[PDB]
Amino acid sequence: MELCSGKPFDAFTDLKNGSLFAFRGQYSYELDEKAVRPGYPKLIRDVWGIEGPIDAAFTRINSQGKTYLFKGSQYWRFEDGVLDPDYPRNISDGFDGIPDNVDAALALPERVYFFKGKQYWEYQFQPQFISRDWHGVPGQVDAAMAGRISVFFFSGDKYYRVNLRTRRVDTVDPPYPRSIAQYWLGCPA
Ligand SMILES: [Ca+2]
Ligand SMILES: [Cl-]
Ligand code: NA
């Protein structure tokens, strides 16, 4: 399936050195201005060595910049695009109190947020309600990604941008939620 199909996404890694990966079904999409063929559909099995679909992803913004991919009760940890030793692991082994089958995740430089249903968990290296703490985000999300000053929440074929300081949905034209394909990916539409 092509990047600009208009279909919902499953997961996004966090922005690292200006690039990230998008996941949908069995496919991995590399989004980087410096890439020769940005957004070519590659198999997750080829790039990451695991079967899609994946539930959630995040990337730490420390020196090592490890990427974490979640599916079911399992997670995989990558550095330099290679699976670390002793992965995959049960989520319970690395992430005390975080549930299985998460909807989304994002990392901030150090906290990770995990999203599932109407709730989210904070993990540092009880659940709270998404809507109470992420003002204007209506509840359940499919995917999430953190940048520098904003996080992005993906719901179906649309998304929200949330300011990290205010934890509020930004006021843009046309307003959030809006098309991922048209306004986030810059897809010809
Ligand atoms: Ca997901
Ligand atoms: Cl995600
Ligand atoms: Na993510």
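Starting from 1, each residue takes its place in the sequence as its number. Read the numbers this way: they start at 1 and go in the same order the structure lists the ligands and their atoms.
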Rounded to 10°, the O/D103 to the Ca ion (ligand 1) to O/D55 angle comes out at 80°
Distance check below 3.0 Å: does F12 bring an N, O or S atom to the Na ion (ligand 3)?
yes
Without swapping roles, check the side chain of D55 against the backbone of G72 for a donor-acceptor pair under 3.5 Å. yes
| Short N/O/S contact of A57 with the Na ion (ligand 3) (below 3.0 Å) | yes
For the Ca ion (ligand 1), the nearest N/O/S atom on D10 is atom O
Is the closest side-chain donor-acceptor distance between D133 and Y120 under 3.5 Å?
yes
Checking distances from the Ca ion (ligand 1), one finds that the N, O or S atom of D142 closest to it is O
Pair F115 + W121: ring centers closer than 6.0 Å
no
Check whether any N, O or S atom of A146, backbone or side chain, sits closer than 3.0 Å to the Na ion (ligand 3). no
How are the rings of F78 and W48 set relative to one another: parallel (under 30°), tilted (30 to 60°) or perpendicular (over 60°)? perpendicular
key: Face-on cation placement of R77 at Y87 ring, 6.0 Å and 45° thresholds   = no
Would you say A105 reaches the Na ion (ligand 3) with an N/O/S atom under 3.0 Å?
yes
Cation-pi geometry met for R60 and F125 (6.0 Å, 45°): yes
